[PDB]
Amino acid sequence: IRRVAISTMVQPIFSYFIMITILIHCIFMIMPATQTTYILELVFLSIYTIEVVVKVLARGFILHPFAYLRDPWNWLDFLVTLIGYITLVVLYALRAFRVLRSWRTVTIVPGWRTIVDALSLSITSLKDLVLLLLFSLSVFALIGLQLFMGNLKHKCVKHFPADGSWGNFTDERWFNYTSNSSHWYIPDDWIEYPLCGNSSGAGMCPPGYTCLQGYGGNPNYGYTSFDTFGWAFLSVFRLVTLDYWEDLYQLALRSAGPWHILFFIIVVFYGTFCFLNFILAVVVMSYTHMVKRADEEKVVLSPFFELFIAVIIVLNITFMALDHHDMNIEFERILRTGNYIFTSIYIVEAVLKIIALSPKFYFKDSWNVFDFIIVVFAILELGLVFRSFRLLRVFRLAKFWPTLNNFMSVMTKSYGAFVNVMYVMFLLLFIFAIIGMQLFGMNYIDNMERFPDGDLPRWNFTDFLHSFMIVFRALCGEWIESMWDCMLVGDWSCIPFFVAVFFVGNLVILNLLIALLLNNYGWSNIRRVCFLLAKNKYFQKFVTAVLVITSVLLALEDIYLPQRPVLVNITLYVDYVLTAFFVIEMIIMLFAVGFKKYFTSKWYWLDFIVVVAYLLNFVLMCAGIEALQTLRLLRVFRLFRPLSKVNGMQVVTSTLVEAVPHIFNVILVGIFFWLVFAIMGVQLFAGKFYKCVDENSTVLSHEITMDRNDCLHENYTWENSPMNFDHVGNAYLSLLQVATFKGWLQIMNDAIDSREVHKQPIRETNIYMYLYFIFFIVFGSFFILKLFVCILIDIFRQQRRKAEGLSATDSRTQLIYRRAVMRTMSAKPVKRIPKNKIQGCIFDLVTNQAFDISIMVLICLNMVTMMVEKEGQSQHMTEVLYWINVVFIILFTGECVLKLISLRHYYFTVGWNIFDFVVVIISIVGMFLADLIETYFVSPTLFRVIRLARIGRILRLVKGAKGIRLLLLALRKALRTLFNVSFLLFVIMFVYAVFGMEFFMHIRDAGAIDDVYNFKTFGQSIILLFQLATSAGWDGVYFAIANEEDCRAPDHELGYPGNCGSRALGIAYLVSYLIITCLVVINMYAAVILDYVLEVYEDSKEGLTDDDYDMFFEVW
Ligand SMILES: *[C@@H]1O[C@H](CO)[C@@H](O)[C@H](O[C@@H]2O[C@H](CO)[C@@H](O)[C@H](O[C@@H]3O[C@H](CO[C@@H]4O[C@H](CO)[C@@H](O)[C@H](O)[C@@H]4O)[C@@H](O)[C@H](O[C@@H]4O[C@H](CO)[C@@H](O)[C@H](O)[C@@H]4O)[C@@H]3O)[C@H]2NC(C)=O)[C@H]1NC(C)=O
Ligand SMILES: CN(C)[C@H]1CCCC[C@@H]1Nc1ccc(S(=O)(=O)Nc2nc3ccc(OCC4CCCC4)cc3s2)c(F)c1
Ligand SMILES: CC(C)CCC[C@@H](C)[C@H]1CC[C@H]2[C@@H]3CC=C4C[C@@H](OC(=O)CCC(=O)O)CC[C@]4(C)[C@H]3CC[C@]12C
Ligand SMILES: *[C@@H]1O[C@H](CO)[C@@H](O)[C@H](O)[C@H]1NC(C)=O
Ligand SMILES: *[C@@H]1O[C@H](CO)[C@@H](O)[C@H](O)[C@H]1NC(C)=O
Ligand SMILES: *[C@@H]1O[C@H](CO)[C@@H](O)[C@H](O)[C@H]1NC(C)=O
């Protein structure tokens, strides 16, 4: 018995047999069930049971150190087998998790142990971050609950008819009329009722309507609000993750007022730019530790011909990129003839090289094998669709292009780790797809009526392909809309599922991928006086002040300016004065530093360009020609030099300046790869996004209009999609929309509906086109776009080393030791006296640990009391809650009084004591103020705002938490640099705000631009640009500002400005903004955070921390 089992388990054939069985079982899990599946399930279960029996007979069960159930993997196997028997003999919710056995297949890929260990270490290291995350989210949920409670229910309700059609006024008849949903404003074909508010700057109502509270439901089937702590929690988590967050942001600003933008800024700054970067830092440290452990453990043959072939390759690529939809016949002939010529040249090259060199030596070269494969494919293509393989020719450019060559060699050097990570990602997606299919698939079929028109949504769980696509989309960062659908037809189980998918896929696996990338990709007197004046402090301060004031004046030139004559005059006068000022300043600087210094400096060149622009505008105005707006807007660029001199800014600007060349190289490589995908996209989809519509832009059925001829015979419209693959430029724009995941859903809907040209698309007739986008997303968004962060991280570390005056050649250990030696230099001990029988007794009672723990418990209880508040509660409940809060305030005041009585003046030697003392004083003053306000009823919003001080007494809960204290210390050390980065971001936003006001203030309402969100004033422009800095909603903004169709041109004689945008201008504006902010400046936060977190953690683990010195001086 025992001998057989012991020999059987160690035989490799046994392990391969089990693995192959698991693989076929997974395959059968993908396909639809049938009676044959039931018997195959029994076969698989028998095989797994035999494995369990063999291993128990070989090891024993638990009682010894090396028994069967001392290995976690065996725990997985055993629990899944038991679940299988349980579900076979006797809830279907348990039948899914047999797919968990597939996790074992991770052990097939060589080098799997490193990645699995890194994942395990990352998961175990998030312990303190989870607690801090939950606390922060709760605090923000409370703040949002008190600020936005009830706002998302606002609606425009028609006035009670004075005509008497609804009867004479009575309170009952008025309530009866206002509650009828047919009297609530909603534009035709809309799903959601628009929000409103009567505060200055909120959404307005049409005439005959008033903005009311308490009617109807909240947005998104009632799932989006701040009416309870739980929904507020959900909304805050959504906001931190940036998941469709522009919609909640616009809803709140439209119902509450633009000033509530402040709330969103705070949440985005703390939660997105700091905390998720803590998560990334933990993942990076874990991976670095594992890799450290692993590593420690241990004619034709001439340059001229090469150049000739290189230019021929470039010309062939150009010819390939020129292909487009509905080409004229001459264009087609030219391209075809060019193809013939290129193929002939490649054939000649192959033969010449094979004969000049030996055939044996010819096929010993990898590049030669690649070229021969290309020649074979080309000749096969011309002989006989093999055109898709023509793209291989593009990759020959890597032989001649050193940057691309190095990029390729780096990938070759470490392909194994990336293979492991991608396999883990896809295995996780497969497991979740199967689980979600079993849990939710039948809900969509059974409860289809609940959907807006009773139709199945594009994204569902009805079969394996759709389930995989929806979980993959969640991994890309979009989870909440799918969760709304799941809840609508399901129950609470949808919430944990999607959250888990998002957390594991996005915050762990993708972060691990970027960690891999980082690890791998990483007269004489006149000159005298002018010189003295130029170097003088006061003169520079005066110049800076003038620049700042006139730049602020630019922000006031909004759409209302023509109605304000005094402002018009002030701006004109300021323009004249600035012209004189710039000229005189240029002369002074020239006399100070001279011609050669002046004209070899980039700063002085910027100044000179501004001087020339203002002189040109002056000459134009003299001639009677209206000044160019762009030229006089160029003066804002003067702000950057004084900005670069702010305290602590030098590290940030040095990092960006040093990073520019690498960023450019990455952009070039990305353009190359995107060219490959764009040519493929044109080949697949060019000309196929046309469809037949009617007066309402509603797609007709193919059963009615089969093709273009039917469409036009019935006098319908054969309209193209604004985003398409008709030529390479449009393909590039569509691929940018895909990679950023902004507007990609419509593009993919068109792609999977596509049929041959001139035919009516059919829903999901070409579903497997999804594979195209998956590949692009893996190689364009997960790989190429994440290099920017790695570059910034690597460069910022070096620049900070420069700033602190540290040597570059020193090792990390030496710096750790120097840090400890610096700490020991500045530590000292403190003692306090225990007072006086009464005071001494109170001292003994207050200095004990029980007292502090009790204070913590009281804080937790007060926090729960705050969580009880909800929308619609009776006023009696409001009063009871306020009185309970009063009790808590009295208790904390008493704590402070006792501590003061005990410690006398020593009390203020501890910083936390000072914070608590300030909070107590503020609470007393606030109680007085609240009583006065509530009695005199100043304003409900004012009361809500001043109630924000209540959070002060809850923030003390972090006192004494060591793990949380470490991360807060890291954040404190980084605060200066984070602030400087934020300041730079805001200045860039200001520049873009004023140029956007100039370019787009008059455009018609379309897409995301409407009466509330637009470029009409500086504030509204900033509201839009803060949203756009995260790339959120930029597709709708582009659709608005790029529209050149169906518009009125300006009438200079009549003064009418016109109302439509510019495709080229909008493309330039938005693409440049996305690159500068989303891909560069925002990633600086991650760089800074990572450096500081790493420092503190290494101090904790391989050195000494301030707490070590504190403990040493506790004894002393
Ligand atoms: C600004 O923003 C506010 C929040 O978003 C919004 O409320 C406000 O809208 C409405 O503005 C008008 C002023 O033009 C204001 O009158 C509205 O409030 C009135 O509420 C009364 C409540 O009646 C109650 O009925 C219950 C029954 O259970 C009873 O118990 C209560 O004691 C109370 O009686 C309505 O009855 C009233 O309707 C008017 O009543 C007058 C009485 O004769 C009558 O002459 C009028 O013609 C009319 O019929 C109002 O609705 C206010 N909305 C709400 C919900 O209060 C918005 N705009 C302004 C201008 O404030
Ligand atoms: C019960 N009832 C009839 C009265 C009766 C007694 C007097 C008060 C009580 N009413 C009540 C109690 C608690 C909250 S409360 O639960 O919201 N707690 C809050 N704590 C703080 C703490 C400080 C603060 O202002 C500080 C700033 C004001 C200007 C500058 C400093 C405001 C708040 S409000 C509230 F709203 C109001
Ligand atoms: C230095 C860095 C780190 C922080 C920068 C400060 C911002 C938080 C400031 C700078 C400009 C401010 C904006 C200036 C103008 C406005 C318009 C204001 O609303 C109005 O225009 C009210 C009138 C109306 O809506 O009718 C709302 C506040 C807002 C967006 C301000 C909100 C706060 C902003 C973004
Ligand atoms: C108004 O009253 C009628 C009956 O008089 C009732 O059927 C209807 O539901 C009421 N509408 C409301 C309360 O919105
Ligand atoms: C709303 O008003 C319309 C028009 O009078 C009426 O037909 C409808 O029944 C009303 N709905 C309710 C719920 O009262
Ligand atoms: C367009 O929509 C409106 C509102 O549903 C409808 O009345 C009209 O008949 C529609 N037009 C066509 C051509 O279907």
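Residues numbered from 1 in each chain as written, not as in the entry; some residues may be left out. Chains lettered and ligands numbered in written order. Heavy atoms only, no water. Residues with missing side-chain atoms left out of burial classes, pairs and counts.

What the entry reports as its method is cryo-EM, with 2.2 Å given for the resolution.

This entry appears in the Protein Data Bank under the title "Structure of VSD4-NaV1.7-NaVPas channel chimera bound to the hybrid inhibitor GNE-1305". In its Function section, the UniProt entry covering the protein chain states "Mediates the voltage-dependent sodium ion permeability of excitable membranes." The UniProt entry for the protein chain carries this comment under Sequence similarities: "Belongs to the sodium channel (TC 1.A.1.10) family." (UniProt positions renumbered as here; feature names shortened; annotations may be inferred.)

(A) Structural view of the overall build of the protein chain. From N to C terminus, the protein chain includes 44 helices and four strands. Relative to the 2.2 N^0.38 estimate, which gives 32 Å for 1116 residues, the radius of gyration of the protein chain is 34 Å and therefore close to what a compact globule would have. Principal-axis analysis of the C-alpha atoms places the extent of the protein chain at approximately 100 × 100 × 85 Å. (Helix = DSSP H or I, 4+ residues; strand = E, 2+ residues; numbered from the N terminus. Rg over C-alpha atoms; globule rule 2.2 N^0.38 Å.)

(B) Inspection of the UniProt feature "disulfide bond" in the protein chain at higher detail. With 2.0 Å between their sulfur atoms, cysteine 486 and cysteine 494 do form the disulfide that UniProt assigns to them. At 2.0 Å between sulfur atoms, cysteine 1047 and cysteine 1060 form the disulfide that UniProt records. Separated by 13 residues along the polypeptide, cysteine 1047 in the loop between α42 (1034–1041) and α43 (1063–1102) and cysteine 1060 in the loop between α42 and α43 bring together distant segments of the chain. The exposure class assigned to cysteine 1047 is partly exposed, which follows from its relative accessible area of 32%. (Disulfide = S-S within 2.5 Å. Buried < 20%, exposed > 50% of the residue type's maximum accessible area, 1.4 Å probe, protein only.)

(C) Quick look at the pattern of salt bridges. Scanning the model with the defined rule gives 35 salt bridges in all. A salt bridge links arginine 812 to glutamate 1098; the nearest nitrogen and oxygen atoms lie 4.0 Å apart. Taken together, the salt bridges that share partners define one network made up of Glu51, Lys55, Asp77, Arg101 and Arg104. (Salt bridge = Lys/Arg side-chain N within 4 Å of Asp/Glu carboxyl O.)

(D) Seen up close, the nonpolar core. Counting residues in hydrophobic clusters, the biggest one holds 266 residues, and the most contacted among them are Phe264 and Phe782. Element by element, the count of residues in this core is highest for helix α11 (residues 261–297), at 20 residues. Not counting chain neighbours up to four residues away, the residues in contact with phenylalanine 782 comprise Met425, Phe472, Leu475, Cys476, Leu510, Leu513, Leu517, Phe741 and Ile777. Counting residues in each nonpolar core, the second largest holds 20 residues, with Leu547, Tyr598, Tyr604 and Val611 among its members. (Core = buried A, V, L, I, M, F, W, Y, C linked by side-chain atoms within 4.5 Å. Contact = heavy atoms within 4.5 Å.)

(E) Unusual backbone geometry, seen in detail. We note that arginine 904 has phi near 50 degrees; this positive angle belongs to a residue other than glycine. Mapping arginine 904 onto the fold places it in the loop between α37 (875–903) and α38 (911–936). Here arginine 904 falls in the partly exposed class, since its relative accessible area comes to 29%. Of note, the phi angle at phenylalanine 937 is positive, near 55 degrees, even though the residue is not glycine. With respect to the helices, strands and loops of the structure, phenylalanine 937 is situated in the loop between α38 and α39 (940–946).

(F) Quick peek at the site of ligand 1. Every residue lining ligand 1 is accounted for by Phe169, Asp171, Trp174, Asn198, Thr210, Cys211, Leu212 and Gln213. The separation between an oxygen atom of ligand 1 and a polar side-chain atom of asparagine 198 is 2.4 Å. Take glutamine 213: an N or O atom from its side chain is 3.4 Å from an oxygen atom of ligand 1. Burial of ligand 1 by the protein chains amounts to 33% of its free accessible area of 1,100 Å². Of all elements in the fold, only α7 (171–178) and β2 (209–212) reach the threshold of two or more residues within the shell around ligand 1. Counting residues per element, the shell around ligand 1 draws most heavily on β2, at three residues. Taken together, the residues of the shell around ligand 1 break down into four nonpolar, three polar and one charged. (Near = heavy atom within 4 Å. Polar contact = N/O pair within 3.5 Å; in protein donor to acceptor, adjacent residues only side chain to side chain. Areas by Shrake-Rupley, 256 points an atom, 1.4 Å probe, with all protein chains shown as cover. Nonpolar A, V, L, I, M, F, W, Y, C, P; charged D, E, K, R; others polar.)

(G) Representation of the side chain of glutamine 146 in the model. Along the polypeptide, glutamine 146 turns up in helix α6 (residues 127–148). Since its relative accessible area comes to 2%, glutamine 146 is described here as buried. Excluding residues that lie within four positions of it along the chain, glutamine 146 makes contacts with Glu869, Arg944, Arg947, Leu948 and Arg950.

(H) Highlighting a negative patch on the surface. On the surface, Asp1106, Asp1108, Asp1110 and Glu1114 cluster together into a negatively charged patch. Tracing the backbone through its elements, the reader meets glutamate 1114 in helix α44 (residues 1106–1115). Judged by relative accessible area, which is 62%, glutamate 1114 ranks as exposed. (Patch = residues over 30% accessible without salt bridge, like charges linked within 9 Å, V, L, I, M, F, W, Y side chains within 5 Å. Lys, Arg positive; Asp, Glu negative; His and termini not counted. Charge placed at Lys NZ, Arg CZ, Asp CG, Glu CD.)

(I) Structural detail: the state of the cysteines. Taken as a whole and judged by the stated rule, the model has four disulfides. Here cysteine 1047 engages in a disulfide with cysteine 1060; their sulfurs sit 2.0 Å apart. By relative accessible area, which is 27% here, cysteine 1060 ends up partly exposed. Indicated for the protein chain is the disulfide connectivity 1-2, 3-4, 5-6, 7-8, based on numbering the bonded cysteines in sequence order. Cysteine 156 takes part in no disulfide bond, and the closest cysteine sulfur, belonging to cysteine 205, lies 3.3 Å away. Residue classification places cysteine 156 among the buried positions, given a relative accessible area of 2%. Between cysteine 476, a free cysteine, and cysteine 1078, which holds the nearest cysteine sulfur, the sulfur-to-sulfur gap is 17 Å.

(J) Inspection of the packing of aromatic side chains at higher detail. With the rule as written, the count across this model stands at 97 aromatic pairs. Geometrically, the ring pair formed by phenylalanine 426 and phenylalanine 468 is stacked, given 6.2 Å between the ring centres and 20 degrees between the ring planes. One end of the pair, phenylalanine 426, is in helix α18 (residues 415–446); the other, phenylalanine 468, is in helix α19 (residues 464–476), with 42 residues separating them in the sequence. Judged by its relative accessible area of 11%, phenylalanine 468 is buried. Between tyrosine 882 and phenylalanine 943 the ring centres are 6.3 Å apart and the planes differ by 80 degrees, which places this aromatic pair in the edge-to-face class. Note that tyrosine 882 is positioned in helix α37 and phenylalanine 943 in helix α39, a separation of 61 residues in sequence. Residue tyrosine 882 is classed as partly exposed on the basis of its relative accessible area of 27%. Judged by its relative accessible area of 12%, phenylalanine 943 falls in the buried class. Of the aromatic side chains, those joined through ring pairs into one cluster are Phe637, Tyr992, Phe995, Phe999, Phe1000, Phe1015, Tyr1069 and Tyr1073. Directly above the ring of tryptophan 459 sits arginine 473, whose terminal nitrogen or CZ lies 5.0 Å from the centroid. (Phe/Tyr/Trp six-rings, centres within 6.5 Å; stacked < 30°, edge-to-face > 60°. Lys NZ or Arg CZ within 6 Å of the ring centre and 35° of its normal.)

(K) Local environment of helix α20 (residues 480–489). The buried fraction of α20 is high, at nine of ten residues. Along α20, the residues classified as buried are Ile480, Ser482, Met483, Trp484, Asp485, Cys486, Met487, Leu488 and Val489. The elements touched by buried residues of α20 are α8 (219–222), α9 (229–241), α18, α19 and α21 (494–520).

(L) Up close: the packing of helix α23 (residues 537–554) against helix α24 (residues 565–599). Between α23 and α24, the least distance of the axes is 11 Å, while the angle of their chain directions is 150 degrees. With respect to their mutual orientation, α23 and α24 come out roughly antiparallel. At the point where α23 passes α24, the crossing takes the left-handed sense. Of the residues in α24, those in contact with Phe542, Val543, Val546, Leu547, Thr550 and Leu553 of α23 are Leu567, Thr571, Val574, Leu578, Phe581, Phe582 and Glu585. Within the contact of α23 with α24, the residues separate by chemical class into ten nonpolar, two polar and one charged. (Axes fitted to C-alpha atoms, helices over the stretch in contact; angles between N-to-C directions. Parallel < 35°, antiparallel > 145°, perpendicular 65-115°, else oblique. Left-handed = near helix turned anticlockwise from the far one by under 90°.)

(M) Region of interest: the environment of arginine 904. Taking the C-alpha atoms as reference, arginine 904 lies 21 Å from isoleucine 922; in sequence the two are 18 residues apart. If we ignore the near neighbours within four places in the chain, the residues touching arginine 904 are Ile833, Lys835, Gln839 and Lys899. Separated by 3.0 Å, the side chain of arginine 904 and the backbone oxygen of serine 902 make a polar contact.

(N) Broad picture of the side chain of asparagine 74. Position of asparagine 74 among the secondary structure elements: in helix α4 (residues 72–89). Separated by 2.9 Å, the side chain of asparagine 74 and the backbone oxygen of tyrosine 68 make a polar contact. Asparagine 74 has contacts with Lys55, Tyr68 and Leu69, leaving out every residue within four places of it along the chain.

(O) Expanded view of a nonpolar patch on the surface. Taken together, the side chains of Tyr340, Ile347, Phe363, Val369, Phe372, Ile373, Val376, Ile379, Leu380 and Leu382 make up a nonpolar region of the molecular surface, amounting to roughly 790 Å² of accessible area. Going through the elements one at a time, α13 (329–356) and α15 (366–383) are the ones with two or more residues in the nonpolar patch. The element contributing the most residues to the nonpolar patch is α15, with seven residues. Looking at the secondary structure, you find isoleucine 379 in helix α15.

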